[PDB]
Number of protein chains: 6
Amino acid sequence: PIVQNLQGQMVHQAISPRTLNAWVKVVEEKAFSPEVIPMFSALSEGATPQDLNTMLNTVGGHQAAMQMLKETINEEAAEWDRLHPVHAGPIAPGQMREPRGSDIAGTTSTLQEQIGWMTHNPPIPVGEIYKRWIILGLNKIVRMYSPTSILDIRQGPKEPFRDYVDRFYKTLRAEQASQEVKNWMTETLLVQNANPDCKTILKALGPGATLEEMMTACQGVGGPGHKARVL
Amino acid sequence: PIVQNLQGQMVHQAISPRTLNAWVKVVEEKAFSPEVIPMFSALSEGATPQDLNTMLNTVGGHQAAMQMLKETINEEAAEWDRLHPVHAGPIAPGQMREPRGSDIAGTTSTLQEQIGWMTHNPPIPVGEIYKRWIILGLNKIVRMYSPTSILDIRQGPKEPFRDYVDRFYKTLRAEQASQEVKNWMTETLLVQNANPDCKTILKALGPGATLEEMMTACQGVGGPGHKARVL
Amino acid sequence: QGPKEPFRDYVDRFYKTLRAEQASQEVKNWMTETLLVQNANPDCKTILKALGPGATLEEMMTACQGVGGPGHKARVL
Amino acid sequence: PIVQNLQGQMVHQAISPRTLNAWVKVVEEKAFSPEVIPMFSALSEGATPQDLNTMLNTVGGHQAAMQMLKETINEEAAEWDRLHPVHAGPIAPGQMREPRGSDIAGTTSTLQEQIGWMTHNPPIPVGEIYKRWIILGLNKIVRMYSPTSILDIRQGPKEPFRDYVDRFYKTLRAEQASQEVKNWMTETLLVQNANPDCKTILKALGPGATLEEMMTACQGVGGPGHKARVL
Amino acid sequence: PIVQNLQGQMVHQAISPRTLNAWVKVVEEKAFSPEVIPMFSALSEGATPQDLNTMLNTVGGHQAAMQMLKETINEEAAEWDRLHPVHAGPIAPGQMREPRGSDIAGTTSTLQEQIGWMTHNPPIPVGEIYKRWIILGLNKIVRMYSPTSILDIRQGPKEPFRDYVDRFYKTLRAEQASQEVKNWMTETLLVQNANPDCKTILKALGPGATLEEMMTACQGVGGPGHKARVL
Amino acid sequence: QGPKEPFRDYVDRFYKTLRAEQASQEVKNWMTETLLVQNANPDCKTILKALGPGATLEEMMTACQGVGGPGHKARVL
């Protein structure tokens, strides 16, 4: 991808092998977790298609997941051949001709060509669009990965509050749903998926009690709360 | 390799020890894996033949595969000499004196001449052809490695679709065949080797189904179900 | 259509009869559409009903290929 | 149809009674047979749409299948105006009214006028497109009749190579697929549909053995029998 | 095909429906019998490749054997293409670029061009060469069909001399070999494969004399070596 | 929806309940998309799954009217 600002006009360098090794290593231990998605967004300096495509192609084990990302890229590219500029076609000689849907990615565009329209006239954000398509594919993958749904989780009698809460939050990252729905749901959901022993104090928090307020009390009573009768 | 762009003409800098060290480690963990072929494209930052040849020669363990790869390259080099624009005879001073098939090899052409046809005059794609010859030879090696011959992959009585699809994509990667043929085969072959219970689900899904739709369908609850019998 | 009569012999009786219908072309299309569902036997009617609205003769023929004689069970699962 | 060139300009002749008797006998004998499509091509001296439509309308037993063919012809006729060049109604006086989708059909044209657009100005291929539409329709009829399929050919222990070969190429009379597909599909099927004992001979002969070579080898093998060996 | 010379230039007419019905009918009644090959050769009036191809594809049930003939045509066309590259390439006005080996067969050349190179310029033997290749494929089919080999001929104790002679000449029809080799074998085999009782008489007749003379001698012998003299 | 409970009864109970829950309409419709097949009895649930994702309430209700109603002999009781 293109890098270099201080010395002047950008140069097309390849992604570091140390970064490439780190990417392969992360996939070994964190195969499908949602926590890897912002890491990818953060370190992808210059979202140049073939360079990024090479990262997908160097993945080990669960390569089947990469094939799903490729189908998503092709599908959004197919959408880009209709809803977005499909155009007249013809263009004057000595111009970069502008990209079609499959030209956004690495499918029909040669690597030098990709760099050209990202450096000659004001940049075409083909990499940003390609990155967005990969993120859309990742959203489908995490949703498919998640084993339990929101109402499936119901705390056992010998299970503690923290285990139940960890499972809920792990699940919540992969739900692919709106923040407003989450906040509105949060008021009633926490009491509903709890066990009978933990429910007593959890339900006692009452009106206007937020997560900090609830957690402070829950760490005070400890474990899964106490029994239903003192005798 | 010869590299540099903004500051001026390309300068010979030897390949980093990090790349060599990483290549040896990858060979130790997964010697014949298909992910090595994109890794080679990523690590070959400047396709100069003698420098590229170091990656081939530094491999210890599976030398017999490397010997076969070298033999395939020797044939491609011979084909380049006798079929792709055949060499003439003597030529006037101040020329590169166009490379023969044997000349392309690191044990034949000297570095001053070899770098010369890559930057003293408009570049000859000597690195691209050598790299391409290495890649199609590595395509032969992954085909040799294959434990399962595509059709060999089957689904047992207790083997879920998620385990089965992972195995199916893994065997498919080392195939070495056309996209149309694979597209035609994929829709029937997966169903053909499926277990009778899972085969009914695939039969029910039917025509107009894409991989994303099939994955979405395969995500939910399994087993036969619960509705009453009318017969 | 009878209890063990297949679509092949049932449809043939309709198409043979249809030749001597003597009526408007626009009306003939409109009449033809619900007839196959209406005059079918339970097993055949159930699969035709499953195909539902917007079906063409070519699509119905494609579906009817897999039935196997008059029928037995009108759904895969 | 319109024929004649040795005696001067073409004249519209009536369809032969000898050909009509043969057409009726072929339909009575074997209406859904695959050889009907080249036989129809062979029998069709002159391609005038209305005259050709006589053959379609003189149908006996397979009237229901023929009406599906009529529905397909109506779709192809719509495609002529909606997918292929639409042209326009206003045109210069004395022109042969540039044949529209409705005009091609025998049920929406006058014979004298139809002969006119096939002869007044450079010939419009109205008969050829109508013949192509009939062939496309007939191709569908085979798929709505066939009681055999590609992977549904199973060779029993007492079923000879002659019986198996006959059955195998019979299912390929209903294949209705591209040249690329049938050429590159056939080898897989030959060993797959063959009996376990027969597979031993086919595997031994292997790639490099043509259909003639395979036929020659199996002509020496003879019946499978209760014999211990294959020699 | 193009036919008729008496009234001036040749005209394109189809094959008679009575003849087409008879051709299909003879194939149905005689199947793989060697008598089909001279019938095809003798009654094929008008050697036009496009019509030869359609005529061949009117075969019913026993189509599997004809598939090997179709594969044989592919090989013979390629062999002719390899044999004559001599004039392939550029061309000047007043020529039709000549027919290539693959266009000899009516599967890539069009009817108008086929007629043109059989009536404009001095006729090219394209139909005759294509028919010759079809006959070669038919010769391969009869050899493949063959029920028994010439030294596998045996005459039982209750089997008449006439039955043995008929079976022997029937077997000699499918022998496909040089006249001298066949005559040399035929001369010694008559005594060799005869039953002991009949063989005793045939050995008494001994070497020499032609088929007419031998049949004249055998006219007074009869049966399977019957011990009465009822003739 | 119980073992032999009518589609008419099930929809009526759901709608009667639904207009007394005083909530955000966007949020309510969004869950209503999967609620109909989620609480359905196996027989009806099987038909709702045949219809599958997408389509209007009118399209779904149109299909449901055409398949008829319950049997009468039970098994869990």
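Each residue takes a number counted from 1 along its chain in the order the sequence is written, a numbering that need not match the entry; residues with no coordinates do not appear. The lettering of chains begins at A and the numbering of ligands begins at 1, in the order of writing. Every figure given here refers to the displayed chains, which form just one part of a larger assembly. In computing side-chain values, all of the structure's heavy atoms are included and hydrogens and water are not.

- Structure determination for this entry, per the PDB record, employed solid-state NMR.

1. Remarks on the overall build of chain C
Consideration 1: Secondary structure assignment for chain C yields 4 helices and 0 strands.
Consideration 2: Going residue by residue from the N terminus, the α and β elements of chain C occur as α-α-α-α.
Consideration 3: Based on C-alpha atoms, the radius of gyration is set beside the globule rule, defined as 2.2 Å times the residue count to the power 0.38. In terms of overall dimensions, chain C is globule-like: its C-alpha atoms have a radius of gyration of 13 Å, near the 11 Å expected for 77 residues.
Consideration 4: Oriented by its inertia axes, the alpha-carbon framework of chain C measures out at about 40 × 25 × 20 Å.
Consideration 5: The classification of residues rests on relative accessible area computed with a 1.4 Å probe and restricted to protein chains. Under 20% of the type maximum is buried, over 50% is exposed, and intermediate values are partly exposed. In chain C, which comprises 77 residues, the proportion classed as buried is 25%.
Consideration 6: Sequence separation of 24 or more characterises 64% of the internal contacts of chain C that already satisfy a separation of 6 or more.
Consideration 7: The accessible surface values rely on the Shrake-Rupley method and a 1.4 Å probe; as for residues, cover is taken only from the protein chains in view. When the accessible surface of chain C is totalled, it reaches about 5200 Å², and 58% of it is carbon and sulfur. Segments assigned H or I by DSSP are reported as helices when at least four residues long, segments assigned E as strands when at least two residues long, and all are numbered from the N terminus. Should any heavy atoms of two residues lie within 4.5 Å, those residues are considered in contact.

2. Observations regarding the domain arrangement of chain A
Residues and elements named next belong to chain A.
Consideration 1: The domain boundaries here were taken from an automatic or database domain assignment. Entries for chain A in the domain assignment read domain 1 (1-147) and domain 2 (148-221).
Consideration 2: The C-alpha-based centres of domain 1 and domain 2 are spaced at 38 Å.
Consideration 3: Summed over both partners, buried area is the accessible surface (1.4 Å probe) that two parts give up on being assembled. Between domain 1 and domain 2, roughly 640 Å² of surface is buried when both sides are summed, and carbon and sulfur atoms account for 48% of that area.
Consideration 4: The largest share of the area that domain 1 buries against domain 2 comes from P34, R143 and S146, three residues that together contribute 53% of it.
Consideration 5: Whenever a carboxyl oxygen of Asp or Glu lies within 4 Å of a side-chain nitrogen of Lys or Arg, that contact is scored as a salt bridge. In this assembly, domain 1 and domain 2 are joined by 1 salt bridge.
Consideration 6: Across the pair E35 and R173 runs a salt bridge, and its minimum N-O distance is 3.9 Å.
Consideration 7: Throughout this description, a polar contact denotes any pair of N or O atoms lying within 3.5 Å of each other; where both atoms belong to protein, one of them has to be capable of donating a hydrogen while the other can accept it, and for residues adjacent in sequence the pair is counted only when both atoms sit in side chains. At the surface where domain 1 touches domain 2, the tally comes to 1 residue pair in polar contact.

3. A short note on the environment of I115 of chain D
Consideration 1: When you line up the elements, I115 of chain D lands in helix 6 (residues 111-117).
Consideration 2: Put simply, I115 of chain D and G61 of chain D are 54 residues apart on the chain and 32 Å apart in space, counted from C-alpha to C-alpha.

4. Notes on the relation of the copies chain E and chain D
Consideration 1: Note on the copies: chain E fits chain D at an RMSD of 2.0 Å, the axial shift is 1.4 Å, and the rotation between them is 61°. Such a turn and shift between the copies fits a six-fold axis. Residues of chain E ranked by C-alpha distance from the rotation axis are headed by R18 of chain E, positioned 6.9 Å from it.
Consideration 2: Taken together, the interface assignments show that only 4% of the residues at the interface of chain E recur at the interface of chain D, consistent with different surfaces on the two copies. Alignment of copies: least-squares superposition over the C-alpha atoms.

5. Some details on the relation of the copies chain D and chain B
Consideration 1: When chain D is fitted onto chain B, the two copies agree to an RMSD of 2.5 Å after a turn of 179° and an axial shift of 0.6 Å. When the rotation and shift are considered jointly, the pair of chain copies conforms to a two-fold rotation axis.
Consideration 2: A shared binding surface is used by both copies, with 83% of the interface residues of chain D retained as interface residues in chain B.

6. A look at the interface of chain E and chain D
Interfaces are often sized by the accessible area lost when the parts come together.
Consideration 1: On the chain D side, the residues contacting the 28 residues of chain E number 25 residues.
Consideration 2: Among the residues of chain E in contact with chain D, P17, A64 and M144 of chain E are the three that bury the most area, contributing 23% of the side total.
Consideration 3: Run the count over chain E and chain D and you get 1 salt bridge.
Consideration 4: With a shortest N-O distance of 2.7 Å, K140 of chain E and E212 of chain D are connected by a salt bridge.
Consideration 5: In this structure, the connection of chain E to chain D is made through 6 residue pairs in polar contact.
Consideration 6: Put simply, the parts of the chain that give the side of chain E that touches chain D at least two residues each are helix 1 (17-30), helix 4 (63-83) and helix 6 (126-145) of chain E.
Consideration 7: The dominant element in the side of chain E that touches chain D, judged by the number of residues it contributes, is helix 4 of chain E, at 6 residues.
Consideration 8: Residue classes follow a fixed rule: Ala, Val, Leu, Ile, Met, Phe, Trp, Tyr, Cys and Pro count as nonpolar, while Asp, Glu, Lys and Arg count as charged, and any other residue, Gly among them, counts as polar. For the side of chain E that touches chain D, a count of residues per class yields 9 nonpolar, 14 polar and 5 charged.

7. A closer look at the nonpolar core
Consideration 1: We call a set of buried residues a nonpolar core when its members are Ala, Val, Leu, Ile, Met, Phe, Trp, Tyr or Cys and they connect through side-chain atoms within 4.5 Å of each other. Counting residues in each nonpolar core, the largest one holds 82 residues, and the members touching the most others are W133 and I134 of chain A together with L69, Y130, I134 and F161 of chain B.
Consideration 2: Discounting chain neighbours no more than four positions away, the residues touching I134 of chain B are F40, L56, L69 and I73 of chain B.
Consideration 3: Ranked by size, the runner-up nonpolar core spans 48 residues in total, among them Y169, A209 and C218 of chain D together with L52 of chain E.

8. What to know about a negative patch on the surface
Consideration 1: Where like charges cluster on the molecular surface, the negative patch consists of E213 of chain D together with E71, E75 and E79 of chain E.
Consideration 2: Top element by residues in the negative patch is helix 4 of chain E. It accounts for 3 residues.
Consideration 3: Position of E75 of chain E among the secondary structure elements: in helix 4. Only residues above 30% relative accessible area that lack a salt bridge enter a patch, with like-charged residues linked at up to 9 Å and the nonpolar side chains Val, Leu, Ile, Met, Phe, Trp and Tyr linked at up to 5 Å. Positive charges come from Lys and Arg, negative ones from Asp and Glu, while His and the chain ends are left out of the count. Charged groups are reduced to one reference atom each: NZ for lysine, CZ for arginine, CG for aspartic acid, CD for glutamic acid.

9. Here we look at the packing of aromatic side chains
The relation between two aromatic rings is expressed through the spacing of the ring centres and the mutual angle of the planes.
Consideration 1: Between rings of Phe, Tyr and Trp, where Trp is taken as its six-membered ring, a pair exists when centres lie within 6.5 Å; planes separated by under 30 degrees are stacked, by over 60 edge-to-face, and by other angles tilted. Enumeration over the complete set of coordinates arrives at 25 aromatic pairs over all chains.
Consideration 2: Each ring, one from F168 of chain B and one from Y169 of chain B, has its centre 5.8 Å from the other, and the planes form 75°; the classification is edge-to-face. Of the two residues examined, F168 of chain B and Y169 of chain B, each falls in the buried class.
Consideration 3: Ring-pair connections join several aromatic residues into one group, and the members of that group are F161, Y164, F168 and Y169 of chain D.

10. As for the state of the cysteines
Consideration 1: Criterion for a disulfide: a pair of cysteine sulfur atoms at a distance within 2.5 Å. This model, assessed by the stated rule, comprises 0 disulfides over all chains.
Consideration 2: We note that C198 of chain A lacks a disulfide partner, and the nearest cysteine sulfur, in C218 of chain A, lies 5.9 Å from it.
Consideration 3: Distance from the sulfur of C64 of chain C, which forms no disulfide, to the nearest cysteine sulfur (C44 of chain C) is 5.8 Å.
Consideration 4: Using a relative accessible area of 11% as the deciding quantity, one classes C64 of chain C as buried.

11. Points about the packing of helix 1 (residues 17-30) of chain D against helix 2 (residues 36-43) of chain D
Residue and element names in this part refer to chain D.
Consideration 1: Where helix 1 contacts helix 2, the two axes come as close as 12 Å, and the packing angle between them is 175°. In terms of their interaxial angle, helix 1 and helix 2 are classed as roughly antiparallel. Contact residues: helix 1 offers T19, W23, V26 and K30, while helix 2 offers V36, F40 and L43.
Consideration 2: In terms of residue class, the contact of helix 1 with helix 2 is made up of 5 nonpolar, 1 polar and 1 charged. Working convention: axes come from line fits to C-alpha atoms, limited for helices to the stretch in contact. Angles between N-to-C directions cover 0 to 180 degrees. Each angle is binned into one of four classes, with values under 35 degrees roughly parallel, values over 145 roughly antiparallel, values of 65 to 115 roughly perpendicular, and all other values oblique.

12. Here's the deal with the side chain of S44 of chain B
All names here are of chain B.
Consideration 1: Relative to the helices and strands, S44 is located in the loop between helix 2 (36-43) and helix 3 (49-58).
Consideration 2: Within the structure, the side chain of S44 is placed 2.7 Å from the backbone oxygen of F40, a separation counted as a polar contact.
Consideration 3: In contact with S44, other than residues within four places in its own chain, are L52, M55 and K131.

13. Details of the packing of helix 7 (residues 161-173) of chain E against helix 8 (residues 179-192) of chain E
Relative placement of two packed helices is described by the angle separating their axes and the distance separating the axes.
Residues and elements named next belong to chain E.
Consideration 1: Two elements in contact, helix 7 and helix 8, have axes separated by 12 Å at closest approach and are oriented at 150°. Taken together, helix 7 and helix 8 sit at an angle that is classed as roughly antiparallel. Handedness of the crossing formed by helix 7 with helix 8: right-handed. Residues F161, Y164, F168, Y169 and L172 of helix 7 lie in contact with helix 8, whose contacting residues are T186, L189 and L190.
Consideration 2: Classifying every residue of the contact of helix 7 with helix 8 by side-chain character gives 7 nonpolar, 1 polar and no charged. Working rule for handedness: look at the near helix, and if it is turned counterclockwise from the far one by less than a right angle, call the crossing left-handed; if clockwise, right-handed.

14. Thoughts on the interface of chain D and chain B
Consideration 1: Listed per partner, the contact involves 6 residues of chain D and 6 residues of chain B.
Consideration 2: Summed over both partners, the interface of chain D with chain B buries about 520 Å², with 70% contributed by carbon and sulfur atoms.
Consideration 3: Looking at the side of chain D facing chain B, the largest losses of area belong to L151, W184 and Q192 of chain D, adding up to 54% of the total buried there.
Consideration 4: Across the chain D-chain B interface, the total number found is 0 salt bridges.
Consideration 5: At the boundary of chain D with chain B, the tally comes to 0 residue pairs in polar contact.
Consideration 6: Partitioned by chemical class, the residues of the side of chain D that touches chain B number 4 nonpolar, 1 polar and 1 charged.

15. A look at the arrangement of the chains
Consideration 1: In this assembly, 8 pairs of chains are in contact, and the pair contributing the most contacts is chains D and E.
Consideration 2: Separated without contact, chain C and chain E have their nearest C-alpha atoms at a distance of 22 Å.
Consideration 3: The two units chain E and chain F never meet; even their closest C-alpha atoms stay 42 Å apart.

16. Some remarks on unusual backbone geometry
Residue and element names in this part refer to chain E.
Consideration 1: Despite not being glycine, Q4 has its phi angle at roughly 75°, a positive value.
Consideration 2: A relative accessible area of 22% places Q4 in the partly exposed class.
Consideration 3: Backbone geometry places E98, a non-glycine residue, at a positive phi of 55°.

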